[PDB]
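[1] Compute the structure for the input listed below.
(chains A, B, C, D, E, F, G and H, ligands or ions: 70)
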Amino acid sequence: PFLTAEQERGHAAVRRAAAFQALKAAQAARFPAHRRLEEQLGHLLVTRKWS
Amino acid sequence: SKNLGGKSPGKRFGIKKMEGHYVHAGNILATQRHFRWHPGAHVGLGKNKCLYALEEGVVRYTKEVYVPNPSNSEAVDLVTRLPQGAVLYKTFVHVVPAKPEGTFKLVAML
Amino acid sequence: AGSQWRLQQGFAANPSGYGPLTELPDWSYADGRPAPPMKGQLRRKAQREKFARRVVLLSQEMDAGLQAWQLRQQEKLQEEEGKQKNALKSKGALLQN
Amino acid sequence: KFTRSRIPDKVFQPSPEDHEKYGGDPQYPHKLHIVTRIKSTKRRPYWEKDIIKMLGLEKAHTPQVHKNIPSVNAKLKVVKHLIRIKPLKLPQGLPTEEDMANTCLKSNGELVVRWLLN
Amino acid sequence: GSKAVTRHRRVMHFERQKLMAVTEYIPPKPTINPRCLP
RNA sequence: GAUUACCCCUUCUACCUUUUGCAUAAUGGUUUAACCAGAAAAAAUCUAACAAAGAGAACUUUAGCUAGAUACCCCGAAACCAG
RNA sequence: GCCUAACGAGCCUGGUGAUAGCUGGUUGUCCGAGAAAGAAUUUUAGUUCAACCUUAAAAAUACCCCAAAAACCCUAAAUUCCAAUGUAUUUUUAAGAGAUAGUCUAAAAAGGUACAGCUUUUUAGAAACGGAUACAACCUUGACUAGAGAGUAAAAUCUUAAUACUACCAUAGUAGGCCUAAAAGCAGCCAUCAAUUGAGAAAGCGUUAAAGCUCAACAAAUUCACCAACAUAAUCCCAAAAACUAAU
RNA sequence: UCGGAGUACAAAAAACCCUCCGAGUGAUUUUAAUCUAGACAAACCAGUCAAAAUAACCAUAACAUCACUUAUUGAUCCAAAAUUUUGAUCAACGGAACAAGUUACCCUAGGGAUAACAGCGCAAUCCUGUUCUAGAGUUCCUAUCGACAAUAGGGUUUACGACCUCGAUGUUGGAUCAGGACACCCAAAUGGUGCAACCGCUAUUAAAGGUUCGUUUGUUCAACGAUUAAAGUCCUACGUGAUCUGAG
Ligand SMILES: Nc1nc2c(ncn2[C@@H]2O[C@H](COP(=O)(O)O)[C@@H](O)[C@H]2O)c(=O)[nH]1
Ligand SMILES: [Mg+2]
Ligand SMILES: [Mg+2]
Ligand SMILES: [Mg+2]
Ligand SMILES: [Mg+2]
Ligand SMILES: [Mg+2]
Ligand SMILES: [Mg+2]
Ligand SMILES: [Mg+2]
Ligand SMILES: [Mg+2]
Ligand SMILES: [Mg+2]
Ligand SMILES: [Mg+2]
Ligand SMILES: [Mg+2]
Ligand SMILES: [Mg+2]
Ligand SMILES: [Mg+2]
Ligand SMILES: [Mg+2]
Ligand SMILES: [Mg+2]
Ligand SMILES: [Mg+2]
Ligand SMILES: [Mg+2]
Ligand SMILES: [Mg+2]
Ligand SMILES: [Mg+2]
Ligand SMILES: [Mg+2]
Ligand SMILES: [Mg+2]
Ligand SMILES: [Mg+2]
Ligand SMILES: [Mg+2]
Ligand SMILES: [Mg+2]
Ligand SMILES: [Mg+2]
Ligand SMILES: [Mg+2]
Ligand SMILES: [Mg+2]
Ligand SMILES: [Mg+2]
Ligand SMILES: [Mg+2]
Ligand SMILES: [Mg+2]
Ligand SMILES: [Mg+2]
Ligand SMILES: [Mg+2]
Ligand SMILES: [Mg+2]
Ligand SMILES: [Mg+2]
Ligand SMILES: [Mg+2]
Ligand SMILES: [Mg+2]
Ligand SMILES: [Mg+2]
Ligand SMILES: [Mg+2]
Ligand SMILES: [Mg+2]
Ligand SMILES: [Mg+2]
Ligand SMILES: [Mg+2]
Ligand SMILES: [Mg+2]
Ligand SMILES: [Mg+2]
Ligand SMILES: [Mg+2]
Ligand SMILES: [Mg+2]
Ligand SMILES: [Mg+2]
Ligand SMILES: [Mg+2]
Ligand SMILES: [Mg+2]
Ligand SMILES: [Mg+2]
Ligand SMILES: [Mg+2]
Ligand SMILES: [Mg+2]
Ligand SMILES: [Mg+2]
Ligand SMILES: [Mg+2]
Ligand SMILES: [Mg+2]
Ligand SMILES: [Mg+2]
Ligand SMILES: [Mg+2]
Ligand SMILES: [Mg+2]
Ligand SMILES: [Mg+2]
Ligand SMILES: [Mg+2]
Ligand SMILES: [Mg+2]
Ligand SMILES: [Mg+2]
Ligand SMILES: [Mg+2]
Ligand SMILES: [Mg+2]
Ligand SMILES: [Mg+2]
Ligand SMILES: [Mg+2]
Ligand SMILES: [Mg+2]
Ligand SMILES: [Mg+2]
Ligand SMILES: [Mg+2]
Ligand SMILES: [Mg+2]
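    Numbers count the residues shown, from 1 in each chain, chains lettered A, B, ... in the order given. Ligands and ions are numbered 1, 2, ... in the order given. This is the structure:
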């Protein structure tokens, strides 16, 4: 090995914790999506005509 | 047939908490058919010979010298027949207590 | 076949990998303007870069690790002396002699 | 019972000729591994399957780079029959930020920083 | 299924056979036969 | 798959069912047409109303109530009973 | 037995859409994940719980895991438990069913015949459109679509078939002492000395006891010489063939 | 049904019409309280420990003990008791409040998940060879035999296993016609003999062709009469019932 057993202790514990914070955060964000007027109203475009 | 009734389920005798674990008072540390592990510091002995924690803390197993109670005939006999240098050793379970016993707080300033 | 030779010579075992055969932009406009880049080469760029970035990262982490250890050794050795400087002068046994 | 397996440390004490043979330096251990998954995890026990998954070795014949620290060497030791391990080499040194786009990894296991100038 | 020990010599799993065949003893072969030397 | 070329060449052990496992020499079918078999809203989830209250009476409520939408097959015994 | 072509109890209608843990059947397309059994049970042809699993939802740690640690006579492969580290998983909450008639391979055992494509548990694995001619389970292989590109994997005739050992020469105490009808080198018991350059109170055959053939002994010479070999089935043998032009 | 040891070698768990011991309670007085943190165990039901705090008692006094101590046990409902309880070889021991035979007169639903025929696996039993010689053979192991054992094959018998078939793979012996093996009964060619000759007894090679007629048995075998150059051993779904027979 390059490092000994004790030389690698916690040698990256900062990155590991960070990663897990991102994993958590990604899941915490899950919520039903926003609903907008452009949808419910935009449906009416179905019957659009020439006159 | 000749052979009968050998059928009974295991008793799940084992060691429940292991060295270095955290424990809360009243946790069963081990359960055993005969004494295998003896209770040490802050570990209570049940009447079925199971060991439970009397204190919140950390479990530790240890080898230590065995000096039986003089009210026990058998054990004192076993001890009495040993060659003059020999000492019985056994395995013990302790709980090294964690929280401090209590704190002093400021109630009222008169 | 002939992957063994190709490896001894330091190329890719498969002619498809990373040679000038694959990497280069196989067509161009007659005028000489370059062609829009190729999807394959784009992806290969991105993941080669990803790889490189990672190499950098691990190298740096291992270095910073070793330095942290050396520092901790120094702090320990400094505390061993921080005990002696801060110590009281031994009196009792020496004064009679 | 077929079980997991101990691997006596004597296996991993290198003989002085081995340095000459595989091209490692007697004095200084290399910094990084390029690990490749050479075999398949099928027909192997679940624990090797897991080790391969957590080494990023999922896809075959794709290189992956790992620290040469003992934490990693342990897992690698478990699956060493499923993989090929070769030391990463840096002739041109580690890449700066200008060199990230031009980086490439040659099969002799060496990372070239400037790829295809003009 | 057969017991571990048996009378009949017990055909091996193929991979074990390959092991056996690779690990056979190889006697050292002198460069010149000692008889044809002086 | 092809091929200038129908074959000739090459590659593929019908389909359902049942099974640890079916090319199976296990089940079923000559073929065509027409008929021939998943049904319910207690709790839940989703959408919406109004909200300490909601329901067009009767009830339910320590965010609930009201409404809507989401769900559970077909053929077959030997028998038994009455006239 | 017979009671209108089927009587261990007629026929018809109604009860009736009797009831079947048992068999059969169950109709558009495409996509996402995805299951082999612990417990009870008139139960083992079935259910209902667990464990897995699916759909949503909340979280936080989840595997992997170095010391340290877990028994008293002997005792293996190894477990348990846990930081670091590599990863992204795991746990709860709310809804759900299916499944619970199992195969072979390797390993530890038991039963049997140290028999089974046998049976019963435990650990692991598999169920290719590639390979092992054919092939479920062995081996290679993280299963997308289109190419009249490329690199690799496992993989295709297995070795042996071996046993030659020959010349030359033989006379002396003496039928050594015993037991026995006879024991003369050679039913048996005991000594095992001694002439000749050289030949045992004799290693095999032989005789009723001999006589008689050979061995070891001289001399004569001298390639090498320890062991090793093992019949067969019922429709018709079963690719064809081939000891060298360079092959990690 | 319950427990202890092995199986199950070191955390737990772990099967068998597996190997072995036990339990369905005694004896005794120390008559062994109330309430509650936390746990063990676990599908559920049941089981287990247990600090602190109360109350009992020396006036800061809570583990009934022994017999391997582990097991000495039983849910609901319902009955008896009146204050607080007791009640099942419900032993098929998760327990139906109370029910036996027989069917070849049988029926239906299924099952090759499971037997009888046949196949297949295997080779205990069976059959072949070789290996080894103590011994039989007056002497002499191997002319002819050969104990104790050894190695390997064959796949007839009886089993063993339950893998194909139960929406049918119709079963004993005959008849007819036979296909095949060789482990040869006859015919041919030889080696050895305890082969003089005639007979024989063994062994080698050879499978083109042959291998009878009757009395009794359903019979295959078997016994008997008469013969033959001989009246072979077997395999073919114990060949052959969409060719026959039907005694069994
Ligand atoms: N022994 C006993 N019998 C019960 C119990 N519950 C119901 N029974 C039933 O009540 C009935 C009492 O009538 P018995 O036959 O005893 O005169 C029996 O059929 C018995 O089985 C119970 O708890 N114990
Ligand atoms: Mg037991
Ligand atoms: Mg059990
Ligand atoms: Mg692509
Ligand atoms: Mg086995
Ligand atoms: Mg079957
Ligand atoms: Mg199934
Ligand atoms: Mg098949
Ligand atoms: Mg078939
Ligand atoms: Mg057919
Ligand atoms: Mg079949
Ligand atoms: Mg059929
Ligand atoms: Mg069919
Ligand atoms: Mg059927
Ligand atoms: Mg069908
Ligand atoms: Mg049909
Ligand atoms: Mg509702
Ligand atoms: Mg549905
Ligand atoms: Mg009735
Ligand atoms: Mg009825
Ligand atoms: Mg009638
Ligand atoms: Mg029905
Ligand atoms: Mg049933
Ligand atoms: Mg069926
Ligand atoms: Mg599966
Ligand atoms: Mg019952
Ligand atoms: Mg369930
Ligand atoms: Mg450890
Ligand atoms: Mg951990
Ligand atoms: Mg079942
Ligand atoms: Mg089996
Ligand atoms: Mg398994
Ligand atoms: Mg094939
Ligand atoms: Mg794959
Ligand atoms: Mg895969
Ligand atoms: Mg001589
Ligand atoms: Mg023969
Ligand atoms: Mg041929
Ligand atoms: Mg638990
Ligand atoms: Mg107390
Ligand atoms: Mg019962
Ligand atoms: Mg029961
Ligand atoms: Mg129970
Ligand atoms: Mg009932
Ligand atoms: Mg009768
Ligand atoms: Mg009658
Ligand atoms: Mg029927
Ligand atoms: Mg069967
Ligand atoms: Mg079955
Ligand atoms: Mg039949
Ligand atoms: Mg039979
Ligand atoms: Mg038959
Ligand atoms: Mg049979
Ligand atoms: Mg058949
Ligand atoms: Mg055999
Ligand atoms: Mg004799
Ligand atoms: Mg046969
Ligand atoms: Mg058998
Ligand atoms: Mg079976
Ligand atoms: Mg049948
Ligand atoms: Mg049929
Ligand atoms: Mg014939
Ligand atoms: Mg012959
Ligand atoms: Mg003849
Ligand atoms: Mg013939
Ligand atoms: Mg037969
Ligand atoms: Mg027949
Ligand atoms: Mg017949
Ligand atoms: Mg007929
Ligand atoms: Mg026929």
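
[2] so residue B:37 touches residue B:91, yeah?
    Yes: with contact defined as Cβ atoms under 8 Å, residue B:37 reaches residue B:91; the gap is 5.3 Å. For every residue, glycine as well, the C-beta is placed using N, CA and C.

[3] Those two: which has the busier surroundings?
    Set residue B:37 next to residue B:91 and count neighbours by other Cβ atoms under 10 Å in any protein chain shown: residue B:37 wins out with 19 against 14.

[4] for the more buried one, phi and psi?
    When read as degrees, to the nearest 10, the backbone of residue B:37 gives phi -100, psi 130.

[5] who touches it in this structure?
    B:15, B:29-30, B:51, B:61, B:91-93 (Cβ atoms under 8 Å, 6 or more residues apart in numbering or on different chains).

[6] can you list residues touching both of residue B:37 and residue B:91?
    Common neighbours of residue B:37 and residue B:91 (Cβ under 8 Å, 6+ apart) are residue B:61.

[7] ok, back up a step: just the buried subset of the contacts of residue B:37, please.
    B:15, B:29-30, B:51, B:61, B:92-93 (16 or more other Cβ atoms under 10 Å in any protein chain shown).

[8] Turn those into CSV, including secondary structure and distance to residue C:85.
    Converted to CSV, the buried ones among the contacts of residue B:37 look like this (DSSP: H, G, I helix; E, B strand; the rest coil; distance: Cβ to Cβ, whole Å):
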residue, secondary structure, distance to residue C:85
B:15, strand, 49
B:29, strand, 46
B:30, strand, 50
B:51, strand, 49
B:61, strand, 41
B:92, strand, 43
B:93, strand, 44
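
[9] Widest-spaced pair of these?
    B:15 and B:92 (12.6 Å; Cβ to Cβ).

[10] What's opposite the residue positioned nearest the centre of chain B in the beta bridge?
    Centroid-nearest residue in chain B, with Cα atoms, centre = their mean: residue B:39, separated by 2.3 Å. Assessed by DSSP bridges, residue B:39 has beta-bridge partners residue B:93.

[11] Stretch C:9-19: end-to-end distance?
    12 Å (Cα to Cα, to the nearest Å).

[12] now that stretch, how far from the centre of its chain.
    Relative to its chain's centre, stretch C:9-19 lies at 24 Å (Cα atoms, centre = their mean, to the nearest Å).

[13] what's the spacing between residue B:59 and residue B:11?
    22 Å (Cβ to Cβ, to the nearest Å).

[14] And the strands in chain D, which stretches?
    With strands called from DSSP state E, chain D shows them at D:32-37, D:63-67, D:83-87, D:104-106, D:110-112.

[15] One more: chain B?
    B:14-15, B:22-23, B:28-31, B:37-39, B:43-45, B:51-53, B:57-65, B:89-97.

[16] Identify the residues contacting the last one?
    By Cβ under 8 Å, 6+ apart, the residues outside strand B:89-97 that reach it are B:23, B:29-30, B:36-43, B:51, B:53-66.

[17] Do it and RNA strand G come into contact?
    Yes: Strand B:89-97 lies within reach of RNA strand G by Cβ under 7 Å from any atom of the strand, at B:89, B:91.
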